[PDB]
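Here's entry_5.cif, which has mmCIF, C-alpha atoms and all ligand atoms:
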```cif
data_data
loop_
_atom_site.label_atom_id
_atom_site.label_comp_id
_atom_site.auth_asym_id
_atom_site.auth_seq_id
_atom_site.Cartn_x
_atom_site.Cartn_y
_atom_site.Cartn_z
CA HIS A 995 -55.09 -105.21 7.62
CA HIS A 996 -51.43 -104.23 8.30
CA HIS A 997 -50.63 -102.19 11.40
CA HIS A 998 -50.00 -98.50 11.08
CA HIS A 999 -49.25 -95.93 13.74
CA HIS A 1000 -51.94 -93.49 14.72
CA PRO A 1001 -51.90 -90.48 12.34
CA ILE A 1002 -49.67 -87.55 13.19
CA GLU A 1003 -51.11 -84.01 12.92
CA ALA A 1004 -49.03 -81.01 11.85
CA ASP A 1005 -49.43 -77.58 10.28
CA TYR A 1006 -47.23 -78.15 7.23
CA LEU A 1007 -46.09 -81.44 5.72
CA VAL A 1008 -42.95 -80.95 3.57
CA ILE A 1009 -42.21 -83.70 1.02
CA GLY A 1010 -38.44 -83.77 0.41
CA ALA A 1011 -35.53 -82.84 2.71
CA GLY A 1012 -33.16 -81.46 0.02
CA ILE A 1013 -32.23 -77.78 -0.02
CA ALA A 1014 -35.78 -76.83 -1.11
CA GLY A 1015 -37.67 -78.65 1.67
CA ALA A 1016 -35.03 -77.87 4.28
CA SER A 1017 -34.95 -74.09 3.55
CA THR A 1018 -38.74 -73.80 3.39
CA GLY A 1019 -39.15 -75.95 6.53
CA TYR A 1020 -36.51 -73.83 8.34
CA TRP A 1021 -38.48 -70.60 7.83
CA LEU A 1022 -41.84 -72.29 8.55
CA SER A 1023 -40.71 -74.05 11.70
CA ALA A 1024 -40.87 -71.03 14.07
CA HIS A 1025 -44.55 -70.58 13.25
CA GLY A 1026 -46.15 -74.02 13.36
CA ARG A 1027 -45.61 -77.78 13.46
CA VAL A 1028 -43.35 -78.83 10.56
CA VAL A 1029 -42.90 -82.47 9.51
CA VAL A 1030 -40.46 -83.15 6.69
CA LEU A 1031 -40.91 -86.53 4.96
CA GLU A 1032 -37.85 -87.78 3.09
CA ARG A 1033 -37.70 -91.00 1.01
CA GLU A 1034 -33.98 -91.69 1.37
CA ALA A 1035 -31.98 -92.62 4.43
CA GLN A 1036 -30.15 -89.26 4.18
CA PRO A 1037 -31.54 -85.81 3.20
CA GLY A 1038 -28.86 -84.82 0.64
CA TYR A 1039 -28.57 -87.97 -1.49
CA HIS A 1040 -30.07 -86.42 -4.67
CA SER A 1041 -29.42 -83.02 -6.24
CA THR A 1042 -28.48 -81.13 -3.10
CA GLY A 1043 -25.50 -83.44 -2.55
CA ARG A 1044 -24.41 -83.31 -6.22
CA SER A 1045 -23.87 -79.62 -7.01
CA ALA A 1046 -20.80 -77.59 -7.99
CA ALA A 1047 -21.40 -75.67 -4.74
CA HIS A 1048 -21.02 -72.19 -6.36
CA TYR A 1049 -22.75 -68.81 -5.98
CA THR A 1050 -22.95 -66.74 -9.17
CA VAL A 1051 -25.33 -63.76 -9.48
CA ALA A 1052 -25.19 -63.34 -13.30
CA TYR A 1053 -26.59 -66.75 -14.08
CA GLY A 1054 -30.10 -67.87 -15.06
CA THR A 1055 -33.16 -65.78 -15.92
CA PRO A 1056 -33.92 -62.39 -14.28
CA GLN A 1057 -36.08 -64.01 -11.56
CA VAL A 1058 -33.21 -66.41 -10.72
CA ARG A 1059 -30.72 -63.56 -10.51
CA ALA A 1060 -33.01 -61.66 -8.11
CA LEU A 1061 -33.46 -64.73 -5.85
CA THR A 1062 -29.68 -65.31 -5.78
CA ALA A 1063 -28.89 -61.67 -5.05
CA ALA A 1064 -31.51 -61.62 -2.27
CA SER A 1065 -29.98 -64.75 -0.63
CA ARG A 1066 -26.50 -63.29 -0.09
CA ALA A 1067 -27.38 -61.45 3.12
CA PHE A 1068 -28.35 -64.70 4.84
CA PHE A 1069 -25.35 -66.60 3.53
CA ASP A 1070 -22.87 -63.95 4.67
CA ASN A 1071 -24.47 -63.25 8.04
CA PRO A 1072 -26.84 -66.05 9.13
CA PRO A 1073 -28.52 -65.97 12.56
CA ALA A 1074 -26.47 -66.70 15.64
CA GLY A 1075 -26.30 -70.39 16.19
CA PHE A 1076 -27.14 -71.32 12.59
CA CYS A 1077 -23.72 -72.83 11.77
CA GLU A 1078 -20.13 -73.02 13.15
CA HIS A 1079 -18.14 -71.65 10.21
CA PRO A 1080 -18.64 -69.21 7.31
CA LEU A 1081 -20.98 -70.50 4.61
CA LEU A 1082 -19.25 -68.73 1.71
CA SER A 1083 -15.59 -68.73 0.58
CA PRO A 1084 -14.34 -66.32 -2.09
CA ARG A 1085 -14.35 -67.74 -5.62
CA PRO A 1086 -14.66 -65.24 -8.48
CA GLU A 1087 -16.08 -66.52 -11.75
CA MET A 1088 -14.33 -66.07 -15.09
CA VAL A 1089 -16.46 -66.73 -18.16
CA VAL A 1090 -14.10 -67.23 -21.14
CA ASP A 1091 -14.93 -66.84 -24.83
CA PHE A 1092 -13.49 -69.89 -26.51
CA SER A 1093 -15.52 -69.51 -29.71
CA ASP A 1094 -14.72 -65.90 -30.83
CA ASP A 1095 -18.14 -64.30 -30.31
CA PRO A 1096 -17.37 -60.75 -29.19
CA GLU A 1097 -21.01 -59.70 -29.54
CA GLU A 1098 -22.10 -62.39 -27.09
CA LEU A 1099 -19.24 -61.66 -24.75
CA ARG A 1100 -20.20 -57.94 -24.71
CA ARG A 1101 -23.87 -58.83 -24.16
CA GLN A 1102 -22.98 -60.94 -21.13
CA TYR A 1103 -20.64 -58.31 -19.76
CA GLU A 1104 -23.22 -55.51 -20.03
CA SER A 1105 -25.94 -57.74 -18.57
CA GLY A 1106 -23.76 -58.88 -15.71
CA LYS A 1107 -22.40 -55.46 -14.89
CA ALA A 1108 -25.92 -54.03 -14.45
CA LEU A 1109 -26.35 -56.57 -11.59
CA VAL A 1110 -22.73 -56.66 -10.41
CA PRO A 1111 -21.02 -53.28 -10.69
CA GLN A 1112 -17.58 -54.82 -10.14
CA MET A 1113 -17.88 -57.13 -13.17
CA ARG A 1114 -14.99 -56.63 -15.61
CA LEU A 1115 -14.39 -57.26 -19.31
CA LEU A 1116 -11.02 -58.98 -19.82
CA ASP A 1117 -8.88 -59.35 -22.90
CA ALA A 1118 -7.39 -62.74 -23.76
CA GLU A 1119 -4.02 -61.86 -22.09
CA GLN A 1120 -5.81 -60.99 -18.81
CA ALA A 1121 -7.78 -64.27 -18.83
CA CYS A 1122 -4.57 -66.26 -19.39
CA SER A 1123 -2.81 -64.40 -16.55
CA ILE A 1124 -5.52 -65.57 -14.12
CA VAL A 1125 -5.64 -69.24 -15.30
CA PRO A 1126 -2.20 -69.73 -16.84
CA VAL A 1127 -2.92 -73.24 -18.21
CA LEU A 1128 -5.32 -71.69 -20.77
CA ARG A 1129 -4.25 -72.04 -24.40
CA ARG A 1130 -3.86 -68.44 -25.65
CA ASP A 1131 -4.93 -69.42 -29.19
CA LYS A 1132 -8.26 -70.69 -27.87
CA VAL A 1133 -9.08 -67.58 -25.78
CA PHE A 1134 -10.84 -64.48 -27.16
CA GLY A 1135 -11.68 -62.52 -23.96
CA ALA A 1136 -13.64 -63.10 -20.76
CA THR A 1137 -15.90 -61.62 -18.15
CA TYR A 1138 -14.71 -61.60 -14.52
CA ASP A 1139 -17.01 -61.43 -11.48
CA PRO A 1140 -14.98 -60.67 -8.33
CA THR A 1141 -18.04 -61.36 -6.14
CA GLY A 1142 -18.51 -65.09 -6.84
CA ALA A 1143 -18.32 -67.50 -3.95
CA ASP A 1144 -18.05 -71.18 -3.09
CA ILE A 1145 -20.86 -72.42 -0.87
CA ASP A 1146 -20.38 -74.93 1.99
CA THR A 1147 -23.50 -76.74 0.90
CA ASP A 1148 -23.46 -79.40 3.59
CA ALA A 1149 -23.09 -76.78 6.34
CA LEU A 1150 -25.93 -74.76 4.85
CA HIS A 1151 -28.20 -77.75 4.37
CA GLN A 1152 -27.51 -79.17 7.83
CA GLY A 1153 -28.05 -75.70 9.30
CA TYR A 1154 -31.55 -75.49 7.83
CA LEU A 1155 -32.39 -79.01 9.06
CA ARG A 1156 -31.03 -78.37 12.55
CA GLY A 1157 -33.06 -75.14 12.70
CA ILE A 1158 -36.22 -77.15 12.01
CA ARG A 1159 -35.42 -79.57 14.82
CA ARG A 1160 -34.61 -76.76 17.27
CA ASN A 1161 -38.10 -75.39 16.59
CA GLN A 1162 -39.62 -78.81 17.47
CA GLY A 1163 -40.11 -79.79 13.86
CA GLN A 1164 -39.43 -83.33 12.68
CA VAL A 1165 -37.15 -84.39 9.82
CA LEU A 1166 -38.08 -88.02 9.02
CA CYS A 1167 -35.83 -90.03 6.64
CA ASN A 1168 -36.96 -93.40 5.30
CA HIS A 1169 -40.42 -91.85 5.02
CA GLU A 1170 -41.27 -91.96 1.32
CA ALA A 1171 -44.69 -90.44 0.62
CA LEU A 1172 -46.53 -93.39 -0.95
CA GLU A 1173 -50.08 -92.02 -1.13
CA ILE A 1174 -51.50 -88.50 -0.82
CA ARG A 1175 -55.19 -87.73 -0.34
CA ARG A 1176 -57.30 -84.74 0.70
CA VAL A 1177 -59.31 -86.13 3.66
CA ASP A 1178 -61.42 -84.20 6.19
CA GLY A 1179 -59.92 -80.76 5.38
CA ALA A 1180 -56.33 -81.84 5.42
CA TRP A 1181 -53.78 -83.37 3.13
CA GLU A 1182 -53.05 -86.91 4.39
CA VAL A 1183 -49.80 -88.58 3.39
CA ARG A 1184 -49.34 -92.32 3.83
CA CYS A 1185 -45.76 -93.50 4.52
CA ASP A 1186 -44.97 -97.20 5.04
CA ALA A 1187 -45.37 -97.14 8.85
CA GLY A 1188 -48.07 -94.50 9.32
CA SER A 1189 -49.82 -91.40 8.00
CA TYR A 1190 -49.37 -87.65 8.46
CA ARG A 1191 -52.01 -84.91 8.18
CA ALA A 1192 -51.78 -81.18 7.71
CA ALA A 1193 -53.77 -78.38 6.09
CA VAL A 1194 -50.71 -77.57 3.91
CA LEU A 1195 -48.74 -79.99 1.72
CA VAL A 1196 -45.40 -78.45 0.65
CA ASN A 1197 -44.17 -80.22 -2.46
CA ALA A 1198 -40.36 -79.86 -2.33
CA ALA A 1199 -39.57 -83.20 -3.98
CA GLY A 1200 -36.89 -82.05 -6.46
CA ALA A 1201 -37.06 -83.87 -9.78
CA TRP A 1202 -40.06 -85.79 -8.33
CA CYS A 1203 -42.34 -82.76 -7.78
CA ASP A 1204 -44.68 -83.74 -10.66
CA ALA A 1205 -44.73 -87.35 -9.37
CA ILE A 1206 -45.98 -86.02 -6.00
CA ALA A 1207 -48.68 -83.96 -7.80
CA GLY A 1208 -49.65 -87.22 -9.57
CA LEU A 1209 -50.21 -88.99 -6.22
CA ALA A 1210 -52.36 -86.07 -5.08
CA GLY A 1211 -54.46 -85.65 -8.24
CA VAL A 1212 -53.05 -82.13 -8.85
CA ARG A 1213 -52.20 -80.95 -12.39
CA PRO A 1214 -48.43 -81.07 -12.82
CA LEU A 1215 -46.20 -78.24 -13.90
CA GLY A 1216 -44.35 -79.94 -16.76
CA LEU A 1217 -41.04 -80.24 -14.87
CA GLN A 1218 -38.14 -81.57 -16.91
CA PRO A 1219 -35.21 -83.13 -15.02
CA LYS A 1220 -31.90 -82.76 -16.86
CA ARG A 1221 -28.71 -84.74 -16.14
CA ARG A 1222 -25.44 -82.92 -15.50
CA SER A 1223 -22.28 -84.94 -14.80
CA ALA A 1224 -19.13 -83.81 -13.03
CA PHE A 1225 -15.80 -85.29 -11.96
CA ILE A 1226 -12.82 -84.61 -9.70
CA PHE A 1227 -9.26 -85.06 -10.91
CA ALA A 1228 -5.73 -84.31 -9.74
CA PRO A 1229 -3.83 -81.32 -11.16
CA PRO A 1230 -0.48 -82.06 -12.83
CA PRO A 1231 2.54 -81.85 -10.55
CA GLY A 1232 3.77 -78.25 -10.47
CA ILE A 1233 0.38 -76.64 -11.14
CA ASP A 1234 -0.80 -74.69 -7.98
CA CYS A 1235 -4.41 -74.14 -8.85
CA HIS A 1236 -5.76 -73.52 -5.34
CA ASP A 1237 -6.74 -69.91 -6.01
CA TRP A 1238 -8.04 -70.17 -9.59
CA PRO A 1239 -11.54 -68.76 -10.21
CA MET A 1240 -14.49 -70.81 -11.33
CA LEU A 1241 -13.76 -71.02 -15.11
CA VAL A 1242 -16.79 -71.41 -17.43
CA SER A 1243 -16.95 -71.27 -21.22
CA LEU A 1244 -19.13 -68.55 -22.76
CA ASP A 1245 -21.53 -71.12 -24.25
CA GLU A 1246 -21.53 -73.24 -21.06
CA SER A 1247 -19.77 -76.12 -22.91
CA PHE A 1248 -17.65 -76.93 -19.81
CA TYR A 1249 -16.49 -75.60 -16.49
CA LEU A 1250 -13.52 -76.10 -14.19
CA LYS A 1251 -13.06 -75.05 -10.56
CA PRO A 1252 -10.63 -75.88 -7.72
CA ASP A 1253 -12.02 -78.18 -5.04
CA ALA A 1254 -9.68 -77.95 -2.18
CA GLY A 1255 -6.52 -79.37 -3.72
CA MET A 1256 -8.16 -81.10 -6.64
CA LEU A 1257 -10.00 -79.87 -9.76
CA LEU A 1258 -13.73 -80.23 -10.48
CA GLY A 1259 -14.60 -80.44 -14.16
CA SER A 1260 -17.92 -80.82 -15.98
CA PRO A 1261 -19.25 -80.83 -19.55
CA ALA A 1262 -22.11 -78.67 -18.11
CA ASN A 1263 -24.67 -80.91 -19.82
CA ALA A 1264 -28.46 -80.84 -19.60
CA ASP A 1265 -29.66 -84.13 -21.05
CA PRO A 1266 -33.42 -84.57 -20.47
CA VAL A 1267 -34.23 -87.67 -18.39
CA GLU A 1268 -36.89 -89.07 -16.04
CA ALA A 1269 -36.59 -88.52 -12.28
CA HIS A 1270 -34.38 -91.34 -10.94
CA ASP A 1271 -31.11 -91.91 -9.01
CA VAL A 1272 -29.02 -90.65 -11.87
CA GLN A 1273 -25.53 -91.92 -12.61
CA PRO A 1274 -22.82 -90.35 -14.76
CA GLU A 1275 -22.57 -91.36 -18.40
CA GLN A 1276 -19.15 -92.23 -19.77
CA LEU A 1277 -19.74 -89.97 -22.79
CA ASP A 1278 -20.46 -87.06 -20.45
CA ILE A 1279 -17.19 -87.53 -18.57
CA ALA A 1280 -15.13 -88.11 -21.71
CA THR A 1281 -16.59 -84.95 -23.32
CA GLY A 1282 -15.78 -82.77 -20.29
CA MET A 1283 -12.20 -84.12 -20.16
CA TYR A 1284 -11.73 -83.65 -23.92
CA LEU A 1285 -12.90 -80.01 -23.79
CA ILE A 1286 -10.64 -79.18 -20.83
CA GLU A 1287 -7.65 -80.83 -22.57
CA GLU A 1288 -8.34 -78.78 -25.73
CA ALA A 1289 -8.82 -75.42 -23.90
CA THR A 1290 -5.85 -75.83 -21.51
CA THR A 1291 -2.51 -77.52 -21.17
CA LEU A 1292 -3.92 -79.88 -18.49
CA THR A 1293 -3.83 -83.60 -19.08
CA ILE A 1294 -6.28 -85.67 -17.05
CA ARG A 1295 -5.22 -89.15 -16.08
CA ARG A 1296 -8.27 -90.65 -14.44
CA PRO A 1297 -10.94 -89.22 -12.16
CA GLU A 1298 -11.01 -89.79 -8.43
CA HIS A 1299 -14.76 -89.20 -8.28
CA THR A 1300 -17.56 -89.03 -10.86
CA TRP A 1301 -21.22 -88.35 -10.40
CA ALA A 1302 -24.29 -86.86 -12.04
CA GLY A 1303 -27.31 -85.04 -10.67
CA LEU A 1304 -30.61 -83.64 -11.84
CA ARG A 1305 -31.27 -79.95 -12.58
CA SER A 1306 -35.02 -79.68 -13.02
CA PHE A 1307 -36.78 -76.93 -15.00
CA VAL A 1308 -40.18 -75.69 -16.10
CA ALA A 1309 -40.65 -74.19 -19.52
CA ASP A 1310 -39.58 -70.58 -18.72
CA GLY A 1311 -36.53 -71.48 -16.65
CA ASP A 1312 -37.76 -69.72 -13.52
CA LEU A 1313 -38.34 -71.22 -10.03
CA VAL A 1314 -41.81 -71.92 -8.68
CA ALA A 1315 -43.02 -71.06 -5.15
CA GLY A 1316 -46.79 -70.77 -4.78
CA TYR A 1317 -50.11 -72.49 -4.06
CA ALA A 1318 -51.54 -74.58 -6.85
CA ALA A 1319 -54.55 -72.94 -8.45
CA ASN A 1320 -57.73 -74.86 -7.63
CA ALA A 1321 -56.00 -77.29 -5.20
CA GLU A 1322 -56.43 -75.93 -1.72
CA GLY A 1323 -53.37 -76.26 0.52
CA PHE A 1324 -51.00 -77.71 -2.13
CA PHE A 1325 -47.89 -75.54 -2.32
CA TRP A 1326 -45.16 -75.98 -4.95
CA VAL A 1327 -41.48 -75.40 -4.09
CA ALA A 1328 -40.10 -76.51 -7.43
CA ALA A 1329 -38.07 -75.96 -10.61
CA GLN A 1330 -34.84 -75.07 -8.79
CA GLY A 1331 -32.96 -75.77 -12.06
CA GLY A 1332 -29.19 -75.13 -11.73
CA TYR A 1333 -29.72 -72.66 -8.92
CA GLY A 1334 -31.30 -74.30 -5.89
CA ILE A 1335 -28.42 -73.89 -3.47
CA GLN A 1336 -27.62 -70.24 -4.30
CA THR A 1337 -31.27 -69.18 -4.22
CA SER A 1338 -32.25 -71.21 -1.17
CA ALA A 1339 -32.28 -68.49 1.50
CA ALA A 1340 -34.62 -66.27 -0.53
CA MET A 1341 -36.72 -69.17 -1.79
CA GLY A 1342 -37.09 -70.62 1.72
CA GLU A 1343 -38.06 -67.26 3.22
CA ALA A 1344 -40.40 -66.34 0.35
CA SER A 1345 -42.06 -69.76 0.21
CA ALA A 1346 -42.65 -69.85 3.96
CA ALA A 1347 -44.18 -66.35 3.91
CA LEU A 1348 -46.50 -67.27 1.04
CA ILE A 1349 -47.52 -70.58 2.62
CA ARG A 1350 -48.49 -68.53 5.73
CA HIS A 1351 -50.44 -66.03 3.60
CA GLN A 1352 -48.02 -63.24 4.53
CA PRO A 1353 -46.56 -60.56 2.27
CA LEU A 1354 -43.05 -61.18 1.03
CA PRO A 1355 -40.52 -59.60 3.42
CA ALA A 1356 -39.28 -56.11 2.43
CA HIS A 1357 -35.74 -57.19 1.71
CA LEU A 1358 -37.00 -59.68 -0.88
CA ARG A 1359 -39.35 -57.10 -2.42
CA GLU A 1360 -36.42 -54.64 -2.63
CA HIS A 1361 -34.64 -57.12 -4.86
CA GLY A 1362 -37.42 -57.04 -7.47
CA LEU A 1363 -39.33 -60.15 -6.29
CA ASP A 1364 -43.10 -60.50 -5.99
CA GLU A 1365 -45.67 -63.20 -5.56
CA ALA A 1366 -46.75 -63.37 -9.21
CA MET A 1367 -43.24 -63.94 -10.58
CA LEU A 1368 -42.94 -66.97 -8.27
CA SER A 1369 -46.46 -68.41 -8.83
CA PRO A 1370 -47.16 -71.57 -10.88
CA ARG A 1371 -50.11 -69.60 -12.35
CA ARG A 1372 -47.74 -67.89 -14.77
CA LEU A 1373 -47.09 -71.15 -16.63
CA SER A 1374 -50.66 -71.05 -17.99
CA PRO A 1375 -52.91 -68.96 -20.21
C1 LIG A 1401 -23.59 -81.17 -11.47
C2 LIG A 1401 -24.49 -80.11 -10.80
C3 LIG A 1401 -23.99 -78.82 -10.58
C4 LIG A 1401 -24.79 -77.88 -9.96
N1 LIG A 1401 -24.26 -76.63 -9.63
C5 LIG A 1401 -24.93 -75.78 -8.76
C6 LIG A 1401 -24.32 -74.69 -8.18
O1 LIG A 1401 -23.09 -74.45 -8.31
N2 LIG A 1401 -25.16 -73.86 -7.40
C7 LIG A 1401 -26.50 -74.06 -7.18
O2 LIG A 1401 -27.19 -73.24 -6.57
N3 LIG A 1401 -27.08 -75.19 -7.72
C8 LIG A 1401 -26.29 -76.02 -8.49
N4 LIG A 1401 -26.91 -77.17 -8.96
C9 LIG A 1401 -28.38 -77.32 -8.78
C10 LIG A 1401 -28.76 -77.89 -7.39
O3 LIG A 1401 -28.11 -79.16 -7.22
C11 LIG A 1401 -30.28 -78.14 -7.36
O4 LIG A 1401 -30.98 -76.96 -7.87
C12 LIG A 1401 -30.83 -78.30 -5.93
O5 LIG A 1401 -30.05 -79.29 -5.26
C13 LIG A 1401 -32.27 -78.85 -6.01
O6 LIG A 1401 -32.69 -79.08 -4.65
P1 LIG A 1401 -34.08 -79.79 -4.37
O7 LIG A 1401 -34.26 -79.74 -2.90
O8 LIG A 1401 -35.13 -79.27 -5.29
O9 LIG A 1401 -33.82 -81.31 -4.86
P2 LIG A 1401 -33.21 -82.59 -4.11
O10 LIG A 1401 -31.97 -82.25 -3.35
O11 LIG A 1401 -33.14 -83.68 -5.10
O12 LIG A 1401 -34.27 -82.94 -2.97
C14 LIG A 1401 -35.56 -83.51 -3.28
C15 LIG A 1401 -35.80 -84.57 -2.24
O13 LIG A 1401 -37.16 -85.05 -2.43
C16 LIG A 1401 -37.10 -86.43 -1.97
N5 LIG A 1401 -38.31 -87.11 -2.49
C17 LIG A 1401 -38.65 -87.35 -3.80
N6 LIG A 1401 -39.81 -88.05 -3.86
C18 LIG A 1401 -40.21 -88.26 -2.58
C19 LIG A 1401 -41.27 -88.93 -1.98
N7 LIG A 1401 -42.16 -89.63 -2.70
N8 LIG A 1401 -41.37 -88.89 -0.62
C20 LIG A 1401 -40.47 -88.27 0.12
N9 LIG A 1401 -39.38 -87.66 -0.38
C21 LIG A 1401 -39.28 -87.66 -1.75
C22 LIG A 1401 -35.82 -86.93 -2.67
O14 LIG A 1401 -35.39 -88.19 -2.15
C23 LIG A 1401 -34.86 -85.76 -2.37
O15 LIG A 1401 -34.07 -85.93 -1.20
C24 LIG A 1401 -26.11 -78.16 -9.58
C25 LIG A 1401 -26.59 -79.44 -9.82
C26 LIG A 1401 -25.78 -80.42 -10.41
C27 LIG A 1401 -26.34 -81.85 -10.56
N1 LIG A 1402 -21.69 -69.82 -13.19
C1 LIG A 1402 -22.02 -69.78 -14.48
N2 LIG A 1402 -22.10 -68.58 -15.09
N3 LIG A 1402 -22.30 -70.86 -15.19
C2 LIG A 1402 -22.23 -72.27 -14.83
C3 LIG A 1402 -22.82 -72.56 -13.46
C4 LIG A 1402 -22.89 -74.05 -13.13
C5 LIG A 1402 -24.01 -74.35 -12.10
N4 LIG A 1402 -24.16 -73.71 -11.02
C6 LIG A 1402 -24.67 -75.69 -12.42
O1 LIG A 1402 -23.82 -76.59 -12.57
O2 LIG A 1402 -25.96 -75.59 -12.27
#
```

Output the file's structure as structure tokens, nothing else.
Amino acid sequence: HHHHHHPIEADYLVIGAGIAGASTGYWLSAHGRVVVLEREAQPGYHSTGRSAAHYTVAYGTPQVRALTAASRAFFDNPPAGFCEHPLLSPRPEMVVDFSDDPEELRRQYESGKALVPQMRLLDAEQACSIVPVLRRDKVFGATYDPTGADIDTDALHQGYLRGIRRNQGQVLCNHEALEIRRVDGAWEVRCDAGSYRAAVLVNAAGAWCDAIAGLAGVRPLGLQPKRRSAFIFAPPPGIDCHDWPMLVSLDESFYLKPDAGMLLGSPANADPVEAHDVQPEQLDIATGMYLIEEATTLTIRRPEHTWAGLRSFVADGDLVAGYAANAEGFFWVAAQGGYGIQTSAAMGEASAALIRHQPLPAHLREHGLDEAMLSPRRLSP
């Protein structure tokens, strides 16, 4: 009994306009009619607008590291017209041993160097020369990755979305998917003003991917959102920290990175929570500040900005890009974890190829990627 618009037909309906839906929709959009349906009034209000904006190859599981490595070519040299300014800025990563665990530090160095030949093993004096506010008594050595980079996440995200629109795709905000049903050979999504139909439903809903499966009657993956908080604060007068690396502790208890002229700090937490519009917890912020004040000479007066976002994982820590088994046309783009920005070019290209029933592109295959390592089928026996 309430009015709705006539249904809109497409080739691929993408639920979510964060980095996952935008990157997949970007690579799909040259080949068919893309409609992206986004709940919020803006596409980057959840995790894609809440990241540390960093590119690190030696981070995550082996699948993650291959996706990240395979994305660099796009980030460094995107197609003409994709964006106005470079997407990456140099920002080496220094992982410091604050707990005196030389065996772990060596393991991470050897692991990282296999992927990144320029990775170096530093002694405590070398680490303190690079970030001179470090307390020498608290430092036992470090790894150093000269190839790390900061990512202009908004430019990247907006570039993917603009690419969709230039290929006649639609990016619809204020279009929460409220109902999902397989009807007459298509997935049909009801939004509050009308419905959308396509043979392929791309589930790119971030921490809400299992909620979308629940609307559709598709068995979920077991995704676990995890809260991570972060904050921005002013450096003390006299500290020029503009060119410091990303600094991370060896056990990921905190990190610290310059952000323009300010400092970004985080307790690097992973507290399991339900999908929601997550806010920072005071204990998170106080913990991150305490650990930075213990590891360095910095004193932190009060933050200028605080926030938290969701990093969402499946059991094995790897990303998911693949059709659901036994649910025709339902494609997962999920479990981006702490890595969705830095893996987005490879994940968007791979996911679009697989949605289209195409082989993965050579350059992705050359990085040690294949369909089965991306598939949700691996989460079951
Ligand atoms: C503190 C922090 C630091 C991080 N550091 C980094 C980093 O340095 N590098 C990196 O690569 N990653 C980092 N990450 C991880 C990165 O933020 C995420 O992996 C990535 O943003 C996930 O993107 P997504 O598109 O899956 O999710 P989201 O950006 O959350 O997008 C999902 C979208 O789905 C929409 N949606 C949900 N339900 C519906 C519905 N019913 N209908 C329509 N739309 C719906 C949501 O509104 C949302 O816009 C960090 C994250 C945090 C929080
Ligand atoms: N770069 C590292 N080796 N470790 C910490 C990365 C932090 C990250 N990208 C996250 O907040 O998801």

Q: Please write out the residues within 10 Å of ligand LIG 1402 (chain A) as a ChimeraX atom specification, counting only C-alpha atoms and all ligand atoms.
A: /A:1044-1054,1086-1089,1102,1106,1137,1139,1142,1222-1224,1240-1250,1260-1264,1303-1306,1330-1336

Q.
Under the rule that only C-alpha atoms are counted, which of A:1280, A:1329, A:1347, A:1226 is the nearest residue to residue 1301 in chain A?
A. A:1226

**Q.** For residue 1353 in chain A: contacts at 9 Å, only C-alpha atoms, fewer than 3 positions along chain excluded, given as a count of residues only
**A.** 7

Q. Can you list, as a PyMOL selection string, every protein, DNA or RNA residue that comes within 10 Å of range 1108-1111 of chain A when you count only C-alpha atoms, leaving out same-chain residues fewer than 5 positions away?
A. chain A and resi 1051-1052+1056+1059-1060+1063+1103+1139-1141

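Atom to atom, atom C4 of ligand LIG 1401 (chain A) and CA of residue 1279 in chain A stand 15.0 Å apart.
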
N, CA, C and O atoms are needed for range 1150-1156 of chain A; please write them out as a tab-separated table (two decimals), in the coordinates of the input.
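So the final result, stored in rebuild_38.tsv, reads:
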```tsv
chain	number	residue	atom	x	y	z
A	1150	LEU	N	-24.68	-75.51	5.05
A	1150	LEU	CA	-25.93	-74.76	4.85
A	1150	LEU	C	-27.13	-75.67	5.00
A	1150	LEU	O	-28.09	-75.37	5.72
A	1151	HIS	N	-27.09	-76.80	4.30
A	1151	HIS	CA	-28.20	-77.75	4.37
A	1151	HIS	C	-28.44	-78.25	5.78
A	1151	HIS	O	-29.57	-78.30	6.30
A	1152	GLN	N	-27.36	-78.68	6.46
A	1152	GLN	CA	-27.51	-79.17	7.83
A	1152	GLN	C	-27.96	-78.04	8.75
A	1152	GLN	O	-28.71	-78.31	9.71
A	1153	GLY	N	-27.57	-76.81	8.45
A	1153	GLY	CA	-28.05	-75.70	9.30
A	1153	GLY	C	-29.55	-75.52	9.20
A	1153	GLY	O	-30.24	-75.31	10.19
A	1154	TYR	N	-30.11	-75.59	7.99
A	1154	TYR	CA	-31.55	-75.49	7.83
A	1154	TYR	C	-32.21	-76.64	8.58
A	1154	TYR	O	-33.20	-76.42	9.34
A	1155	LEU	N	-31.71	-77.87	8.43
A	1155	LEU	CA	-32.39	-79.01	9.06
A	1155	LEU	C	-32.32	-78.92	10.58
A	1155	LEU	O	-33.29	-79.20	11.29
A	1156	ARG	N	-31.16	-78.51	11.09
A	1156	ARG	CA	-31.03	-78.37	12.55
A	1156	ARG	C	-31.96	-77.29	13.07
A	1156	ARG	O	-32.50	-77.42	14.16
```
